[PDB]
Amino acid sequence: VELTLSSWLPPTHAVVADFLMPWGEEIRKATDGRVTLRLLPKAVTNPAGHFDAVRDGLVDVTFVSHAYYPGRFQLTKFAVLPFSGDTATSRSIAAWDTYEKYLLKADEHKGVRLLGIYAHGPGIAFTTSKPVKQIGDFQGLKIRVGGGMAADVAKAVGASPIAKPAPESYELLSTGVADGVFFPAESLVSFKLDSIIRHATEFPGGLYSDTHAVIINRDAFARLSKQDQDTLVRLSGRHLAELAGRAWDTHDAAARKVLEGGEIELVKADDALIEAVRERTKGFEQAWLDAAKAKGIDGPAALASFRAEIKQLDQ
């Protein structure tokens, strides 16, 4: 069985080059070639369309951003709140472990098999020409966001979110439609924004983050032997979360040569700015609790579990 894989990111991106490709090699080797992943040479549809591409059987495997589906992945938001996680590795592992233990029964990923979830690193506020040093500096900025938490944060701090998938960021910024972008560090470089962006403000534990899901068509999974199904599952979940998180973190760290290099004015959010953002976003947790209750899950348990686990990992 050869599983087709569609990606809406360039093949050189961390997610593909340093996560999905090595992961596919792990699957091949662990099933003696009986299961392989074939990366299709083009995206088969637009980024948000990738969930349905899998569900409809157009491709066997993909990754989807939880930000790209307004209303549909509300339960993932516990993992991406402002100021909550130092690295993609710790957040990915804690996000998956929490989702697997408490949230799977809510069926947010209806119609496909959910293999695993990961998160990227700390979100940064990047802008083309306008520094962000006090809360008022966000007012009116048109900021490209994925959607989801990034969008919730942009709106809360008084910016005007432009919710579009990541690959649109270069066009929107280069043409001056957007004033800025919420991205993790690596994206500054992989999306080729570092000759446009001149300003960045970093926040302890991130301004926000985003989670992705790796999914497989259910009929395709059913084509594997029981042993190979078990193997694919063993190589997914927490194992996948760690593999992906490590890729993101490695790319984030590489990107610091550009962040720290002098052409970008690099700001560390001061205590006043952080507190102003906390104050604007203070209701987000209760919003998530309310959604958790609506979905029939143990909100306080899941939230407490995630926090305990990420705090420990981060140590």
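Just count from 1 along the sequence shown to find any residue number.
Given 70-78 and 98-106, the range whose Cα B-factors average higher in the PDB entry: Mean B over CA atoms: larger for 70-78.
Per the entry, higher mean C-alpha B factor between 206-214 and 128-136: The deposited B-factors put 128-136 ahead on the C-alpha mean.
Which listed residue, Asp228, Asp86, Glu168, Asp179, has the largest C-alpha temperature factor in the record? Answer for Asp228, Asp86, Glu168, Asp179: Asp86, with the highest C-alpha B-factor.
Checking the record values for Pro161, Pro122, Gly111, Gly146, which has the greatest CA B factor? When the deposited C-alpha B-factors of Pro161, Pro122, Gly111, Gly146 are compared, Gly111 is largest.
In terms of the CA temperature factor given in the entry, to which third of its chain does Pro10 belong: lowest, middle or highest? Within its chain, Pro10 is a highest-third residue by C-alpha B-factor, going by the deposited values.
Cα B factor band for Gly49 (lowest, middle or highest third within the chain): Lowest third of the chain for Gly49's C-alpha B-factor.
By the record's CA B-factor, is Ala222 among the lowest, middle or highest third of residues in the chain? Tercile = highest for this residue's CA B-factor.
Ranking every modelled residue in this chain by its Cα temperature factor as given in the entry, which third contains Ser236? Lowest third - that is where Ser236 ends up once the chain's C-alpha B-factors are sorted.
Compare the C-alpha B factor of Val157 with those of the other modelled residues in its chain, then answer lowest, middle or highest third. Answer is highest: the recorded C-alpha B-factor places it there.
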